[PDB]
There are 2 protein chains.
Amino acid sequence: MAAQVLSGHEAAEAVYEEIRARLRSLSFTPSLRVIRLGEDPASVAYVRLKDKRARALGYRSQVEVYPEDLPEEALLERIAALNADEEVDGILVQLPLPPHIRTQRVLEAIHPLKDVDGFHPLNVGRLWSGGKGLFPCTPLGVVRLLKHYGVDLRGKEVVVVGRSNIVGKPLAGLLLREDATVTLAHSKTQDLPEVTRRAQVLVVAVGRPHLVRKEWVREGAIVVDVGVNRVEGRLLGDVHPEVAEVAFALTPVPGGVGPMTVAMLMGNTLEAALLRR
Amino acid sequence: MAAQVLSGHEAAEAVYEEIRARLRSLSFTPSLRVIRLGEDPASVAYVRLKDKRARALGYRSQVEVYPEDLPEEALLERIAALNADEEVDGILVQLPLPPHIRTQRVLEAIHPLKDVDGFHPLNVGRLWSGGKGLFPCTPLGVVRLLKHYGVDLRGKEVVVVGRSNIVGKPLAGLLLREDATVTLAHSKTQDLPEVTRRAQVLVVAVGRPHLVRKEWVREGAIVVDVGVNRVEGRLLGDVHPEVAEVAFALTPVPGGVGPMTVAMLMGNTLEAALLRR
Ligand SMILES: NC(=O)c1ccc[n+]([C@@H]2O[C@H](COP(=O)([O-])OP(=O)(O)OC[C@H]3O[C@@H](n4cnc5c(N)ncnc54)[C@H](OP(=O)(O)O)[C@@H]3O)[C@@H](O)[C@H]2O)c1
Ligand SMILES: NC(=O)c1ccc[n+]([C@@H]2O[C@H](COP(=O)([O-])OP(=O)(O)OC[C@H]3O[C@@H](n4cnc5c(N)ncnc54)[C@H](OP(=O)(O)O)[C@@H]3O)[C@@H](O)[C@H]2O)c1
């Protein structure tokens with residue numbers, strides 16, 4: 001009766017196995033540059049985990065830490081230098097950027113073929129137009145996770161709660177490519193629980209700890225919890241654990257989506273490399 | 001009781017009045033180039049209407065007709081010539097292109113600042129990322145039409161049926177910017193009538209004459225009919241006229257969306273001009 005726990009580590013390992021296999025069939029090794037401004041503790045931990053996993057795979061991985069007060073003109077110069085550096089395959093800027101820096105301007109400076117996070121408007125535009133490109137890592141990880149665990153998304157009623165550029169909107173675009181029926185909900189949706197109750201697959205990316213209660217969830221739903229809420233030294237999802245009483249399967253926090261986000265960044269780094277070479 | 005008829009001509013006229021006003025406050029006049037390959041009768045009629053209206057506004061408007069068997073290399077050369085022609089503000093390629101021509105390749109050749117149809121992946125990517133750009137004309141026309149007639153889209157349940165790059169997907173993106181809750185449905189949605197029955201605003205762009213029946217429609221819904229189905233020398237929408245019995249307001253065919261599509265192309269032509277100059 002109780003919900004299965006959709007572990008991200010098991011699904012991420014299948015991605016990592018695919019990556020290791022493809023590397024042997026390659027002359028070179030992919031090279032990832034991660035840029036961080038300042039010392040935000042959540043930012044420090046995230047990049048340390050991206051770097052650690054890239055290196056564990058055998059990538060050339062390098063974190064470039066700058067002071068918080070780096071001028072945006074210096075950031076753009078560095079990115080241009082890395083765009084031209086033919087030995088760098090992937091360029092990643094850790095968000096959030098400090099307020100004196102125009103984030104859109106920085107992201108649009110990254111060359112689209114090195115844009116492993118998929119935020120460049122050319123990659124966004126390729127995603128929604130049906131073409132090839134580098135797409136955002138959490139949405140890729142959510143789609144891959146669902147397909148790993150045997151969900152046939154064709155014809156499924158999917159509700160996505162949250163409409164950010166990092167998760168909800170590229171997620172909605174990727175789910176349409178799997179022929180799902182997609183509802184994008186957000187903070188101005190009225191009677192949100194009634195909207196979510198329709199979902200056979202419910203994906204929540206809002207950043208409110210345990211916001212989603214069991215009355216919001218359809219019996220037998222597949223629930224994917226993207227939230228990562230630091231609360232009392234713990235990590236809390238956006239979905240209340242009581243949802244395991246109603247859902248057929250539920251993503252744990254931590255260890256659900258999070259591992260898949262890292263895995264697909266490693267996969268986007270390979271892809272960016274092969275798209276150039 | 002019966003549905004109001006949301007005329008596109010009345011809403012289009014408010015756009016045209018805005019355009020005429022802004023032109024007097026301008027030194028120059030916008031210049032539109034429309035390219036057509038072959039002699040498809042629906043294509044001929046569409047471009048003739050875009051040209052006629054651009055000229056009626058006072059634009060420099062020119063249709064370049066080429067043979068159907070024009071090589072795609074010549075098309076791309078012509079577009080590059082027009083991209084560099086500093087006297088051309090808007091470049092438009094009439095679809096469908098003949099099969100020997102890669103449509104994505106042609107559309108991506110148009111400079112984004114002259115891409116009055118909004119298909120270039122940079123304009124698609126700006127739309128979904130929340131930035132500024134030139135967006136597709138029918139979706140713009142649907143949003144503007146609804147706002148013209150007093151629909152407050154914030155918090156509304158909107159269902160969009162059809163997920164093309166020309167209508168459904170840019171429409172979904174534009175509706176999110178108005179804070180609607182958006183459902184994208186399509187040919188693989190199961191129990192489509194039940195999905196559409198939820199919509200307070202229902203937009204249909206599928207190209208099946210009178211497909212949508214009154215049982216599919218929520219009482220008091222606002223129904224926007226994008227279909228244009230040539231049948232028995234008439235023009236039939238995708239929505240059955242019986243829907244006027246249940247809907248609060250319904251877009252006629254012809255004269256509903258169609259006029260708004262033309263108006264927003266004229267508006268995108270102005271915008272492209274001012275974005276350069
Ligand atoms: N595990 C991972 O790899 C990973 C990656 C990225 C983010 N995250 C987590 O996901 C969370 C969201 O961050 P984000 O950047 O994706 O999104 P975001 O832009 O920060 O906001 C999330 C969206 O959720 C909606 N929302 C917020 N509160 C709501 C409420 N009470 N009811 C209904 N809707 C509500 C908002 O809609 P409106 O726009 O309409 O206001 C907002 O756009 C964060 O806590 C972050 O830690 C995890
Ligand atoms: N008035 C205007 O300015 C204007 C402009 C453009 C188009 N149109 C009209 O709009 C119509 C659609 O053309 P388009 O290019 O926008 O779209 P399209 O790419 O040709 O197809 C429309 C979409 O509707 C869906 N669909 C088709 N039949 C369906 C059915 N029986 N049940 C549920 N969904 C169905 C399909 O979903 P799937 O992808 O899942 O198969 C398809 O993607 C055309 O007839 C065209 O004349 C009018």
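Derivation of every value follows stated rules applied to the coordinates shown; laboratory data play no part. Using ideal geometry, Cβ is built from the backbone for each residue, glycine included, and neighbour counts are taken over all protein chains shown.
With n ≥ 4 as the cut-off for DSSP H runs, can you work out [θ] at 222 nm for chain B, using -39500 (n - 2.57) per run divided by the number of residues, rounded to the nearest 500? Could you put the intermediate results ahead of the total?
On the way: 9 runs with 110 residues, N = 277.
Computed ellipticity for chain B at 222 nm equals -12500 deg cm²/dmol.
In chain B, the longest principal axis of the Cα atoms and the axis of helix B:137-148 are about 50 degrees apart.
Taking the longest Cα principal axis of chain B as reference, the axis of helix B:168-177 is set at about 80 degrees. Each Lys or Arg adds one and each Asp or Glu subtracts one; over the other residues with Cβ under 10 Å from the Cβ of B:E108, this totals +2. The convex hull built on the alpha-carbon positions of segment B:210-277 has an orientation-averaged projected area of 5.8 nm².
Seen against the Cα atoms of chain B and their longest principal axis, helix B:41-57 is set at about 80 degrees.
Compute the convex hull volume of the Cα atoms of segment A:1-106, divide it by the residue count, and report the result per residue in Å³ as a whole number.
Working: hull volume 14.4 nm³, N = 106.
In segment A:1-106, the Cα hull volume divided by residue count equals 136 Å³.
Over all pairs of different C-alpha atoms in chain B, the reciprocal of the mean inverse distance, the Kirkwood hydrodynamic radius, equals 19.3 Å. Distances between copies of A:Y149, taken at a point 7 Å out from Cα along the Cα→Cβ vector and listed shortest first: 4.3 nm. Restricting the calculation to Cα atoms, every distinct pair contributes to the Kirkwood radius of segment A:113-224, found to be 14.4 Å. Only Cα pairs under 8 Å and 6+ residues apart enter the sum, and on that basis the relative contact order of segment A:1-104 stands at 35 percent. Over chain B, with a Gaussian network built from C-alpha contacts below 10 Å, which listed residue (B:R208, B:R234, B:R36) shows the highest mean-square fluctuation? Looking only at B:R208, B:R234, B:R36, the biggest GNM fluctuation is shown by B:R234.
Too long at a 27 Å Cα-Cα cut-off: which of A:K114/A:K188; A:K50/A:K156; A:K188/B:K169; A:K147/B:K156; A:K52/B:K169?
Working: A:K114/A:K188 35 Å; A:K50/A:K156 32 Å; A:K188/B:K169 20 Å; A:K147/B:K156 32 Å; A:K52/B:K169 38 Å.
Those over the limit are A:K114/A:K188; A:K50/A:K156; A:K147/B:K156; A:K52/B:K169.
Note on chain A: with a GNM built from Cα contacts shorter than 10 Å, the maximum mean-square fluctuation among A:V203, A:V223, A:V151 falls on A:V151. Distance from the B-onto-A rotation axis is smallest for the Cβ of the chain B residue given, in whole Å, as B:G125, 2. Ranked from shortest, the separations from the 7 Å Cα-to-Cβ label point of B:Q104 to its equivalents in the other copies are 2.6 nm. Judged by the gyration tensor of its Cα atoms, with axes a ≥ b ≥ c, segment B:40-193 is prolate; a/c meets the 1.5 cut and a/b is the larger of a/b and b/c. Using the Cβ of A:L92 as centre and a radius below 15 Å, the other residues enclosed give a net charge of +2, where K and R count +1 and D and E count -1.
The three principal axes of the Cα atoms in the protein assembly as shown give end-to-end lengths of 64, 54, 43 Å, sorted in falling order.
Counting only other residues whose beta carbon sits under 12 Å from that of B:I79, what net charge do I get with K and R as +1, D and E as -1? Walk me through the intermediate numbers first.
Values: positive: B:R33, B:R78, B:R105, B:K114; negative: B:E64, B:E72, B:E73, B:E77, B:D85, B:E108, B:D115.
Local net charge: -3.
Here the gap between A:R20 and A:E232, fully extended at 0.36 nm per residue and compared with their Cα-Cα distance, gives a gain of 72.6 nm.
Comparing B:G168, B:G256, B:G207 in a Gaussian network model of chain B where C-alpha atoms under 10 Å apart are linked, the largest mean-square fluctuation is found at B:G207.
Label points for B:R20 are taken 7 Å from Cα along Cα→Cβ. From this copy to the others they lie 7.2 nm apart, shortest first.
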